[PDB]
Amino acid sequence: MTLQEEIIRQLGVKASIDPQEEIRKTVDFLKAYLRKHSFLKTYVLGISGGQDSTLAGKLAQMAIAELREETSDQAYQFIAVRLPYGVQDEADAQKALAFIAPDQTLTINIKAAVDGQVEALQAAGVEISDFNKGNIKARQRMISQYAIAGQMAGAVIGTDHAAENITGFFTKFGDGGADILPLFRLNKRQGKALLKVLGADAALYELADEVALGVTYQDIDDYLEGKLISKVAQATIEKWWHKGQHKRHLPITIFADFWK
């Protein structure tokens, strides 16, 4: 077994998908989770305008709408959350929301919380880089979505998928803090295929990420499909893989071995 094969098996990625089958698999999973938990009635998700939250949101909304219909229980609701830091793509978020047409939309401006946090750090003499403040924002979004879910008998949806999970390209306990992952197993192009079949405007799924990573989503996706990619791209992916292992495990106990 190569490392590539091992990654593929861990992340559950298929070389190809049937998009409609994957939509159905997802929606049925989200419905089963809701039904299993007596007190859970809502899903909560930050809608940013990016591909991942657009897709997860549409699927979650579909799950809610079907369950609501099956049960005749109107308490079943999808809660879209806008989470701008101050004056935010505002256009992209608005296209996502028209595509999803959520039962409810709330706007939580995270800027007072983030600013309060940074102020308290800088006062204690802790310098905060732009990267660091980015991670604070992602975590504050987590706090926001959990506060909403805590008050509205909800679960928080995450947008993690295989193309981000392989590179560890999320904030630990930030956008990586969620209850349920509807997109886990899909690569980036597979996510686009689902959006296309759901009827999304091509703007929602047609990069700063790739430059930051040093590798394209095309290479990442090809890798996860078992294809051969360049040596550089391969080494780059493996580096991110080994680096991000702590993000793919629970907090390290004296019994854990993955890190050694």
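Start at 1 and count along the sequence shown; that's the residue number.
Coordinates are absent for 1 to 3 residues of the deposited sequence placed between residue 88 and residue 89.
Gap check for residue 206 to residue 207: 10 or more deposited residues are absent from the model. In this entry, the higher average B-factor at the C-alpha atoms falls on 123-131, of the pair 123-131 and 177-185. When the two stretches 102-110 and 138-146 are set side by side, the higher mean Cα temperature factor goes to 102-110.
The PDB entry assigns the greatest CA B-factor among 159, 190, 171, 71 to 71. Residue 115: CA B factor in the lowest third of modelled residues in this chain (values from the PDB entry).
Per the PDB record, residue ranking by Cα B-factor puts residue 232 in the middle third of the chain. In the deposited entry, the Cα temperature factor of residue 210 places it in the highest third of its chain's modelled residues. Per the PDB record, residue ranking by Cα B-factor puts residue 57 in the lowest third of the chain. Sort the modelled residues of the chain by CA B factor and residue 39 lands in the highest third.
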